[PDB]
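**Student:** I'd like to ask you about the structure that follows.
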Amino acid sequence: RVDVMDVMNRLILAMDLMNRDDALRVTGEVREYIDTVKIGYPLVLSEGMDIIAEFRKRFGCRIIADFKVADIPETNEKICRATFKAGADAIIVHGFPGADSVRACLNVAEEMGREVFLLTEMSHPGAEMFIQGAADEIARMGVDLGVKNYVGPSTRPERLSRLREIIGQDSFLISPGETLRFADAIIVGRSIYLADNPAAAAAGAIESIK
Amino acid sequence: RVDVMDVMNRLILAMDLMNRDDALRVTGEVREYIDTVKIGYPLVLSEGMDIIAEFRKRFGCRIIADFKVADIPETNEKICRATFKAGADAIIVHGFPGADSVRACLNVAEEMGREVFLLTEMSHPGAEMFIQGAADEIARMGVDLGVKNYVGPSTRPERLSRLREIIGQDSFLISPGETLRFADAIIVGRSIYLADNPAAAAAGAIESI
């Protein structure tokens, strides 16, 4: 789809290493295969938000800030603004705090020409308690607000089909084979960044992608 | 209660300013009145996590990191570890992602001798959609996990009494007069940091306390 982001090879690197040297080292090796990297709080809190601009300049990659934004609207707006100012192309935002909290993020993204990803569900065991039961309604909330980018559940193929049904065929969906029948790109972390040679691990994972 | 934190004057400063100069300027001027300061992501993302150690050294204050931690367990562990390593005395964690995500935080806090606050509910309009309906169960989850520190709803007195009922009389509860009948300390932000005389605004808030 022309109006949503193009992810090279449909593969997003989850760069979850927490020290700057390792993160830049392991990543550098793969920029030929990947142009989109997801970074989270452990790295940025440990090394500083300046690491975002460093990735983009050293690798020319798109950065998604996996910050799972989950505050009140005013604070969400400030988190998004600081994150985009640091150069993030996109930010991942929880839906469970409701529509106004999401809209605050969308407002800043529109102003700054950046993107918001709505996190509709999570896959860890604790997610059954409250998140699983809210997932469909959160996805619908996103659609109703004009959200165009979604992050779906790691596992359960049939959950992706359901999410894809709710959000429509045009919106952008990312998830951790069968998966790419519903998601537009897959997120891969450990398989690559803890590999003996990430360069080859990336290349192999990409071969698997049709 | 001896086994939970003593907050000076029962008043926590929500230092929500985003630039280091302003944040430090306003805070120093109230340290006589406040010994506990809550800081969030806008400041730390803008200025660096080193600002936490700066607050503690310049003012001798306790720092609560209002990071609303809301990830999977392994990532929560790492967020907490980085935040405590930077010097935070406590961290505020969401309960909606479930028990294992909260436990991950509790594990690191116990290891490092720090504290976890469970956020049981939020007060912004959107909180009605999913958070309000989960609040009692989240509070009970905390109790069942041995959580001793809670953050409650800004508004609605009767919500605080309900929370206090669930968590028991000994756990520590903070919230944004009637409030201190149920909460152990109140969180105050704009009233103070957007005041022409923060020193005076703090002093008045403390007098009314």
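By convention in this document, the chains of the structure tokens carry letters A, B, ... by their order, each chain's residues are numbered from 1, and ligands are numbered from 1 in the order they are shown.
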Please return, as a CSV table (one decimal) with C-alpha atoms, in the first residue's frame, all residues of chain A lying within 9 Å of chain B when only C-alpha atoms are considered.
**Tutor:**
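Saved result, iface.csv, follows:
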chain,number,residue,atom,x,y,z
A,16,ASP,CA,16.8,-5.0,22.1
A,18,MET,CA,21.0,-2.4,25.9
A,40,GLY,CA,12.8,0.3,23.2
A,41,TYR,CA,13.4,1.9,26.5
A,42,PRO,CA,16.1,-0.3,27.9
A,43,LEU,CA,18.5,1.0,25.2
A,44,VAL,CA,17.4,4.6,25.1
A,45,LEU,CA,17.3,4.9,28.9
A,46,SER,CA,20.7,3.3,29.2
A,47,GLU,CA,22.4,5.2,26.4
A,48,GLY,CA,20.3,8.3,25.8
A,49,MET,CA,17.8,9.3,23.2
A,67,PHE,CA,7.8,3.0,24.1
A,68,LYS,CA,4.3,1.6,24.7
A,69,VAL,CA,3.1,5.0,25.5
A,70,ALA,CA,0.4,4.7,28.3
A,71,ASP,CA,-0.2,8.0,30.1
A,72,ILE,CA,-2.8,10.7,30.2
A,73,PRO,CA,-3.3,12.8,27.1
A,75,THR,CA,1.8,13.6,29.0
A,76,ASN,CA,1.4,11.4,26.0
A,78,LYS,CA,5.0,15.4,25.5
A,79,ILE,CA,6.4,11.9,25.3
A,80,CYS,CA,5.6,11.8,21.6
A,81,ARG,CA,7.0,15.3,20.9
A,82,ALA,CA,10.3,14.5,22.7
A,83,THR,CA,10.5,11.2,20.9
A,86,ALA,CA,14.9,13.0,18.8
A,94,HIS,CA,-1.0,1.4,24.1
A,96,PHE,CA,-5.9,0.4,27.0
A,97,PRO,CA,-5.8,4.0,28.4
A,98,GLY,CA,-8.5,4.9,25.9
A,99,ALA,CA,-9.2,7.2,22.9
A,100,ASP,CA,-8.2,10.5,24.2
A,101,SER,CA,-4.8,9.2,25.1
A,122,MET,CA,0.2,-8.6,23.8
A,123,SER,CA,1.4,-12.2,23.9
A,124,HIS,CA,3.0,-12.8,27.3
A,125,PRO,CA,1.0,-15.0,29.7
A,126,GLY,CA,-0.2,-12.1,31.9
A,127,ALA,CA,-1.9,-10.6,28.8
A,128,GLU,CA,-4.9,-12.9,29.4
A,129,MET,CA,-6.0,-11.0,32.5
A,130,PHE,CA,-7.1,-7.7,30.9
A,131,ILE,CA,-5.5,-7.2,27.5
A,134,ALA,CA,-9.9,-5.7,25.3
**Student:** Mind checking which residues fall within 10 Å of stretch 145-147 of chain A, counting only C-alpha atoms, ignoring those fewer than 5 positions away in the same chain, and posting them as a PyMOL selection string?
**Tutor:** chain A and resi 99-100+102-103+106+115-118+139-140+167+171-172
**Student:** Residues of stretch 13-205 of chain A in alpha helix (DSSP H) according to DSSP, as number ranges by chain?
**Tutor:** A: 20-28, 41-47, 50-59, 73-85, 99-112, 131-144, 157-167, 190-193, 198-205
**Student:** Report as a list in words all protein, DNA and RNA residues lying within 7 Å of stretch 147-163 of chain B, evaluated on only C-alpha atoms, omitting residues in the same chain fewer than 6 positions from it.
**Tutor:**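 Result of the neighbour search: residues 116, 117, 118, 119, 120, 121, 122, 123, 171, 172, 173, 174, 175, 176, 179 and 182 of chain B.
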**Student:** Could you check how far atom CA of residue A:179 sits from atom CA of residue A:157, in Å to one decimal?
**Tutor:**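 Atom CA of residue A:157 lies at a distance of 6.5 Å from atom CA of residue A:179.
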**Student:** Can you tell me how far atom CA of residue A:55 sits from atom CA of residue A:39, in Å to one decimal?
**Tutor:**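 Result for atom CA of residue A:55 versus atom CA of residue A:39: 9.8 Å, one decimal.
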**Student:** Tell me, in Å to one decimal, how far atom CA of residue A:34 is from atom CA of residue A:120.
**Tutor:**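 Going from atom CA of residue A:34 over to atom CA of residue A:120, I get 24.5 Å.
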